[PDB]
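The data block below is entry.cif; it holds mmCIF, C-alpha atoms.
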```cif
data_model
#
loop_
_atom_site.label_atom_id
_atom_site.label_comp_id
_atom_site.auth_asym_id
_atom_site.auth_seq_id
_atom_site.Cartn_x
_atom_site.Cartn_y
_atom_site.Cartn_z
CA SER U 1 0.00 0.00 0.00
CA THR U 2 0.87 3.67 -0.35
CA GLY U 3 -0.53 7.03 0.67
CA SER U 4 -0.17 10.53 -0.77
CA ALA U 5 -1.38 13.71 0.86
CA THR U 6 -0.96 17.41 0.09
CA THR U 7 0.47 19.58 2.88
CA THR U 8 -0.33 23.33 2.93
CA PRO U 9 1.37 26.28 4.69
CA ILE U 10 -0.76 27.71 7.50
CA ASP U 11 0.23 31.27 6.71
CA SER U 12 2.17 33.57 4.39
CA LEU U 13 5.46 32.83 6.15
CA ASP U 14 5.36 29.01 5.96
CA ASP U 15 5.36 28.94 9.80
CA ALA U 16 4.04 25.36 9.69
CA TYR U 17 2.25 23.02 7.28
CA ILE U 18 -1.06 21.20 7.70
CA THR U 19 -2.12 17.90 6.18
CA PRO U 20 -5.67 16.53 6.22
CA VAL U 21 -6.05 13.28 8.18
CA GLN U 22 -9.14 11.10 8.42
CA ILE U 23 -9.89 9.80 11.92
CA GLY U 24 -12.65 7.39 12.90
CA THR U 25 -15.80 5.96 11.34
CA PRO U 26 -17.44 7.75 9.70
CA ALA U 27 -14.34 9.82 8.90
CA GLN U 28 -13.61 12.94 10.88
CA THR U 29 -11.15 15.07 8.94
CA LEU U 30 -8.66 17.09 11.01
CA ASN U 31 -5.76 19.17 9.72
CA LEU U 32 -2.59 17.99 11.45
CA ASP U 33 0.97 19.28 11.68
CA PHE U 34 3.20 16.43 10.49
CA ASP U 35 6.22 16.57 12.77
CA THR U 36 9.32 14.46 12.10
CA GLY U 37 10.73 15.79 15.39
CA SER U 38 8.14 14.20 17.72
CA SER U 39 6.29 10.93 18.01
CA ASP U 40 2.82 11.61 19.33
CA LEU U 41 -0.35 11.78 17.26
CA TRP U 42 -2.56 14.09 19.33
CA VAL U 43 -5.70 16.03 18.54
CA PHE U 44 -8.01 18.69 19.79
CA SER U 45 -11.08 16.79 20.91
CA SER U 46 -14.47 16.79 22.59
CA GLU U 47 -12.44 16.35 25.81
CA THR U 48 -10.26 19.44 25.35
CA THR U 49 -10.90 22.11 27.98
CA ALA U 50 -13.49 24.33 26.36
CA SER U 51 -11.70 27.62 27.09
CA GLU U 52 -8.55 26.25 25.37
CA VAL U 53 -10.31 25.61 22.05
CA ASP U 54 -10.57 28.54 19.63
CA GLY U 55 -11.61 27.62 16.07
CA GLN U 56 -9.93 24.25 15.77
CA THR U 57 -11.82 21.24 14.41
CA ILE U 58 -12.16 18.59 17.13
CA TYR U 59 -12.16 14.80 17.18
CA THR U 60 -15.22 13.36 18.90
CA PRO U 61 -14.58 9.67 19.77
CA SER U 62 -18.16 9.07 20.85
CA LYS U 63 -19.23 9.60 17.21
CA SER U 64 -16.74 6.99 15.87
CA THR U 65 -17.83 3.34 15.69
CA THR U 66 -14.16 2.30 15.67
CA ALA U 67 -12.92 4.33 18.66
CA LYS U 68 -11.87 2.59 21.85
CA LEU U 69 -10.50 4.21 24.99
CA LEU U 70 -7.07 2.87 25.91
CA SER U 71 -8.09 2.52 29.53
CA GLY U 72 -5.62 3.95 32.01
CA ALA U 73 -3.29 5.51 29.43
CA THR U 74 -2.24 9.16 29.62
CA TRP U 75 0.15 11.35 27.69
CA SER U 76 1.98 14.60 28.28
CA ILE U 77 4.44 16.32 25.91
CA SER U 78 6.53 19.50 25.84
CA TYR U 79 8.02 20.90 22.67
CA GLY U 80 11.20 22.83 21.94
CA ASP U 81 9.33 26.12 21.80
CA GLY U 82 7.95 25.59 25.31
CA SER U 83 4.44 24.69 24.16
CA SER U 84 2.73 21.63 25.64
CA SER U 85 -0.34 19.43 25.71
CA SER U 86 -1.67 16.42 27.63
CA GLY U 87 -4.59 14.00 27.94
CA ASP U 88 -5.87 10.46 27.52
CA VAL U 89 -5.73 8.00 24.68
CA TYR U 90 -7.99 6.30 22.18
CA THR U 91 -7.30 3.78 19.46
CA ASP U 92 -9.06 4.43 16.17
CA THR U 93 -8.73 4.03 12.41
CA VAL U 94 -6.52 6.70 10.84
CA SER U 95 -6.05 7.34 7.13
CA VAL U 96 -3.55 9.65 5.46
CA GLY U 97 -3.89 10.21 1.73
CA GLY U 98 -5.56 6.85 1.17
CA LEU U 99 -3.29 4.86 3.51
CA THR U 100 -5.21 3.33 6.43
CA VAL U 101 -3.89 2.17 9.80
CA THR U 102 -6.24 0.35 12.14
CA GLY U 103 -5.68 0.56 15.92
CA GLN U 104 -3.66 3.78 15.83
CA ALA U 105 -3.18 5.53 19.15
CA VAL U 106 -4.99 8.84 18.88
CA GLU U 107 -4.04 10.97 21.83
CA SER U 108 -6.94 13.14 22.91
CA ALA U 109 -5.96 16.51 24.40
CA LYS U 110 -7.54 17.40 27.72
CA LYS U 111 -5.23 20.43 28.05
CA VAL U 112 -3.22 22.50 25.57
CA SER U 113 -0.94 25.50 26.06
CA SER U 114 -1.67 28.96 24.74
CA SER U 115 0.29 28.63 21.48
CA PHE U 116 -1.90 25.77 20.35
CA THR U 117 -5.15 27.48 21.35
CA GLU U 118 -4.07 30.62 19.49
CA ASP U 119 -3.40 28.67 16.29
CA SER U 120 -6.85 28.00 14.84
CA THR U 121 -5.39 26.34 11.76
CA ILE U 122 -3.75 23.37 13.51
CA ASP U 123 -6.08 20.64 14.86
CA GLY U 124 -3.21 18.58 16.31
CA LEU U 125 0.11 16.92 15.52
CA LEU U 126 1.09 13.70 13.79
CA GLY U 127 4.55 12.69 14.93
CA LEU U 128 6.92 10.92 12.55
CA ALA U 129 10.06 10.62 14.63
CA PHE U 130 10.94 7.25 16.20
CA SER U 131 8.41 5.65 18.54
CA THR U 132 10.91 5.64 21.40
CA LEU U 133 9.97 9.33 21.98
CA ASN U 134 6.26 8.58 22.29
CA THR U 135 4.97 9.96 25.62
CA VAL U 136 2.08 7.59 26.31
CA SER U 137 2.23 5.96 29.75
CA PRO U 138 2.33 3.31 31.09
CA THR U 139 2.86 1.71 27.69
CA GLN U 140 4.44 3.63 24.81
CA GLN U 141 2.56 3.70 21.53
CA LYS U 142 3.69 3.51 17.91
CA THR U 143 3.62 6.31 15.35
CA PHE U 144 1.42 6.26 12.28
CA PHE U 145 4.51 5.44 10.20
CA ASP U 146 5.63 2.61 12.50
CA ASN U 147 2.16 1.04 12.36
CA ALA U 148 1.89 1.45 8.57
CA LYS U 149 5.40 0.17 7.82
CA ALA U 150 4.68 -3.52 7.28
CA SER U 151 1.83 -2.59 4.94
CA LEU U 152 3.88 -0.18 2.83
CA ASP U 153 5.39 -1.07 -0.56
CA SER U 154 8.67 0.36 0.69
CA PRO U 155 9.37 1.33 4.31
CA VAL U 156 9.69 5.04 3.57
CA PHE U 157 7.93 8.32 3.69
CA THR U 158 8.93 11.48 1.88
CA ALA U 159 8.58 15.18 2.67
CA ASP U 160 8.31 17.62 -0.22
CA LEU U 161 7.56 20.98 1.39
CA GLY U 162 6.71 24.01 -0.69
CA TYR U 163 8.09 27.51 -0.49
CA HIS U 164 4.98 29.74 -0.16
CA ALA U 165 3.04 26.89 -1.70
CA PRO U 166 1.59 23.45 -1.07
CA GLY U 167 3.69 20.30 -1.11
CA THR U 168 3.35 16.59 -0.49
CA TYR U 169 3.85 13.82 2.07
CA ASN U 170 4.05 10.38 0.46
CA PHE U 171 4.13 7.01 2.27
CA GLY U 172 5.46 3.80 0.83
CA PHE U 173 7.02 5.04 -2.41
CA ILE U 174 9.48 7.51 -3.93
CA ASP U 175 7.98 9.76 -6.60
CA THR U 176 10.78 9.91 -9.15
CA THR U 177 9.05 12.89 -10.83
CA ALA U 178 9.18 15.08 -7.72
CA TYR U 179 12.93 15.81 -7.73
CA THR U 180 15.80 16.57 -10.10
CA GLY U 181 19.05 14.62 -10.37
CA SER U 182 19.68 11.90 -7.83
CA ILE U 183 18.88 11.31 -4.16
CA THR U 184 21.94 11.25 -1.89
CA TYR U 185 21.49 9.04 1.14
CA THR U 186 23.23 9.59 4.47
CA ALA U 187 23.35 7.64 7.75
CA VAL U 188 20.88 8.19 10.58
CA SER U 189 21.36 7.76 14.32
CA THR U 190 18.24 6.80 16.28
CA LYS U 191 20.00 7.13 19.63
CA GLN U 192 18.04 10.23 20.66
CA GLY U 193 14.85 9.18 18.89
CA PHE U 194 15.29 11.69 16.05
CA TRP U 195 16.05 11.55 12.35
CA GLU U 196 19.58 12.60 13.32
CA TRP U 197 22.29 12.86 10.70
CA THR U 198 25.58 14.61 9.98
CA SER U 199 25.87 17.28 7.29
CA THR U 200 29.29 17.46 5.66
CA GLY U 201 29.53 21.27 5.68
CA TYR U 202 28.20 24.57 4.33
CA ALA U 203 28.78 27.51 2.04
CA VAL U 204 27.51 31.07 2.19
CA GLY U 205 26.39 32.53 -1.10
CA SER U 206 29.07 32.04 -3.73
CA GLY U 207 31.74 31.32 -1.11
CA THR U 208 33.80 28.15 -1.01
CA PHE U 209 32.36 25.11 0.71
CA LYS U 210 33.62 24.60 4.23
CA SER U 211 34.02 20.94 5.05
CA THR U 212 32.94 20.39 8.63
CA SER U 213 30.65 17.90 10.39
CA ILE U 214 27.35 19.28 11.64
CA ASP U 215 25.21 16.84 13.59
CA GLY U 216 21.52 17.71 13.42
CA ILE U 217 17.91 16.56 13.07
CA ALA U 218 15.53 16.68 10.11
CA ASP U 219 12.51 18.32 11.73
CA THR U 220 9.42 19.24 9.71
CA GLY U 221 7.85 20.62 12.88
CA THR U 222 10.42 23.38 13.34
CA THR U 223 10.11 26.48 11.17
CA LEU U 224 13.67 27.73 10.96
CA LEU U 225 17.20 26.40 10.39
CA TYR U 226 19.22 26.30 13.64
CA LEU U 227 22.97 25.82 13.33
CA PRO U 228 26.10 26.39 15.37
CA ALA U 229 26.86 30.01 16.28
CA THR U 230 30.07 29.96 14.20
CA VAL U 231 28.13 28.95 11.08
CA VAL U 232 25.31 31.40 11.67
CA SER U 233 27.68 34.33 12.29
CA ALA U 234 29.54 33.57 9.06
CA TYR U 235 26.23 33.78 7.18
CA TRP U 236 24.87 37.00 8.66
CA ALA U 237 28.25 38.72 8.37
CA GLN U 238 27.58 38.72 4.63
CA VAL U 239 24.33 40.68 5.02
CA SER U 240 24.69 44.45 5.23
CA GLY U 241 23.10 45.75 8.43
CA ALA U 242 22.43 42.32 9.95
CA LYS U 243 22.92 41.88 13.68
CA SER U 244 21.90 39.59 16.53
CA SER U 245 19.26 41.19 18.73
CA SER U 246 18.67 39.84 22.23
CA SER U 247 15.44 41.84 22.49
CA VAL U 248 13.96 40.39 19.29
CA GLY U 249 15.52 37.03 20.05
CA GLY U 250 17.74 36.41 17.04
CA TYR U 251 19.40 37.74 13.92
CA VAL U 252 17.58 40.56 12.17
CA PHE U 253 18.36 42.42 8.96
CA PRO U 254 17.03 45.32 6.89
CA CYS U 255 14.01 44.07 4.97
CA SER U 256 15.41 45.68 1.78
CA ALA U 257 18.47 43.41 1.90
CA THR U 258 19.30 40.86 -0.76
CA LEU U 259 20.10 37.66 1.13
CA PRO U 260 22.81 35.22 -0.01
CA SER U 261 21.92 31.59 -0.50
CA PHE U 262 22.98 28.98 2.06
CA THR U 263 24.38 25.62 0.96
CA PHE U 264 24.48 22.55 3.20
CA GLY U 265 26.22 19.29 2.39
CA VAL U 266 24.74 15.82 2.24
CA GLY U 267 27.72 13.56 1.73
CA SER U 268 29.33 14.82 -1.46
CA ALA U 269 26.06 16.39 -2.57
CA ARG U 270 24.87 19.93 -1.94
CA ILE U 271 21.48 21.44 -1.20
CA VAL U 272 21.13 25.16 -1.92
CA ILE U 273 18.68 27.22 0.16
CA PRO U 274 17.81 30.32 -1.86
CA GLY U 275 18.21 33.66 -0.13
CA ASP U 276 14.48 34.41 -0.28
CA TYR U 277 13.72 31.32 1.82
CA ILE U 278 15.77 32.88 4.65
CA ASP U 279 13.62 36.06 4.84
CA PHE U 280 10.96 35.59 7.52
CA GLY U 281 9.58 39.05 7.13
CA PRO U 282 9.06 42.02 9.43
CA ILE U 283 9.76 41.48 13.15
CA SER U 284 6.43 43.20 13.83
CA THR U 285 3.75 44.57 11.51
CA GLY U 286 5.09 47.55 9.53
CA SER U 287 8.71 47.23 10.62
CA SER U 288 11.53 47.69 8.13
CA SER U 289 13.57 45.23 10.17
CA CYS U 290 13.16 41.58 9.18
CA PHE U 291 13.76 38.30 11.05
CA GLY U 292 16.33 35.80 9.76
CA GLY U 293 15.45 32.21 8.84
CA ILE U 294 18.84 30.92 9.93
CA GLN U 295 19.46 31.20 13.65
CA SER U 296 21.87 29.95 16.27
CA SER U 297 21.20 26.57 17.92
CA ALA U 298 23.28 27.59 20.97
CA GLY U 299 21.07 26.95 23.95
CA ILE U 300 18.91 24.40 22.14
CA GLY U 301 21.41 21.57 22.58
CA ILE U 302 20.86 20.26 19.06
CA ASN U 303 21.14 21.58 15.52
CA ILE U 304 17.83 21.56 13.66
CA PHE U 305 17.28 21.30 9.95
CA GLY U 306 13.78 22.72 10.04
CA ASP U 307 11.39 23.79 7.29
CA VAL U 308 13.67 26.54 5.90
CA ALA U 309 16.18 23.81 5.01
CA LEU U 310 13.85 20.93 4.24
CA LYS U 311 11.64 22.86 1.77
CA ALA U 312 14.71 23.35 -0.48
CA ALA U 313 14.82 19.59 -0.93
CA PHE U 314 12.93 16.40 -1.64
CA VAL U 315 13.59 14.42 1.54
CA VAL U 316 13.37 10.64 2.01
CA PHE U 317 12.81 9.26 5.49
CA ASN U 318 13.93 5.66 5.11
CA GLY U 319 12.65 3.54 7.99
CA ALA U 320 14.32 0.36 6.84
CA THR U 321 15.99 -1.81 9.48
CA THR U 322 18.95 0.52 9.10
CA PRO U 323 17.36 3.93 8.69
CA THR U 324 18.80 6.57 6.41
CA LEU U 325 17.90 10.02 5.11
CA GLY U 326 17.96 10.96 1.45
CA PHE U 327 18.09 14.45 -0.03
CA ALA U 328 17.51 15.56 -3.63
CA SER U 329 17.28 18.99 -5.18
CA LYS U 330 14.02 19.85 -6.87
#
```
Before we go any further, please render this structure as structure tokens.
Amino acid sequence: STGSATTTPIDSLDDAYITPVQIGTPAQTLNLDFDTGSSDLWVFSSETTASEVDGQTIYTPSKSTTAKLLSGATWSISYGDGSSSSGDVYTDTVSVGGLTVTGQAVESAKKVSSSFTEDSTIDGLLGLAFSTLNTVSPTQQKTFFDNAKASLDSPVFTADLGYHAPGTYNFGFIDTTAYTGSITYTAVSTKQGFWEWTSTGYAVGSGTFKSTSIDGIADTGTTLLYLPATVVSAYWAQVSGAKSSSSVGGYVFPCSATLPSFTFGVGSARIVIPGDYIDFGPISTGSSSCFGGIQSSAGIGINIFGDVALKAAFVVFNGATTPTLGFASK
């Protein structure tokens, strides 16, 4: 089997992407944030504290003939940005782009933090990292991908994110029409539960490639590209008027600036992030100062190849016995 679903930016900055997912019987369609940096599938629901719901579509288990409470199970997660959610757990039938998993853990939010409430466009998350990060207790549950794997034609999914435009998540096959040239595959470590890999270096603009190992995670659920302070300083030094602002919370630059591209290495291959992808627009409405899409990972504890990086590529998440990551230009 295979599945194929379109993913759409939630706003004009590509802050996140939402993908329609069918839950229950008859189907309840919710728009989820597919997150390769976490491993919980959780939804706004009929159980979510009423005051914490503001425009989201909710899952109502009591209207699904295939829903079953996982009695005694609870979940609680915190994300890198400090947001959080928690609740109890159902199993139900979940379909993504035609691909159906029966008995999927669907984690029903009883509580969500302000950032989730405030985002009316996101009905929940679908985690695609490794199931070892799943937060269900007492017994950890498997991700959609994990559950689907034995059914898939090939044990893969692919992320093809759009710049200011829709893209695609495919399960079980590689669409050889969605990229140019070849896919370069690189080793993954699952030790921390992430799609963790090592880039071979970077270049700024038309500068020479610097060969240096950068360990990081492929994370569709993070907006920006977070890299070591040395790397990030080298980039912004090439932008007239750019500086790091503690009050804004990162590198800023004059909105009129022309930004250089940023190249990262995948083995002996290269992925080029165009300058425009690195412009995340005014720091506040009407400002002539703009926020950078490449920021320092210092203080995060991990480098993160988030949407800014991933949308410049066709990305293969290979969940074979020995997992790998593949990157193609497109």
Which one of U:263, U:84, U:212, U:192 sits closest to residue 312 in chain U if you count all atoms listed in the file?
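Answer, going by the shortest atom-to-atom distance: U:263.
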Correct to one decimal, the distance CA of residue 242 in chain U-CA of residue 165 in chain U is 27.4 Å
Env of range 272-287 of chain U: 6 Å cut, atoms = all atoms listed in the file, seq-sep filter 3 positions within chain, self excluded. Answer as JSON, numbers by chain.
{"U": [259, 260, 261, 262, 263, 290, 291, 292, 293, 312]}
Enter the distance from CA of residue 219 in chain U to CA of residue 47 in chain U, in Å, rounded to one decimal.
28.7 Å
Among the residues U:258, U:2, U:179, U:122, the one that comes closest to residue 153 in chain U [using all atoms listed in the file]:
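Ranking U:258, U:2, U:179, U:122 by distance to residue 153 in chain U, first place goes to U:2.
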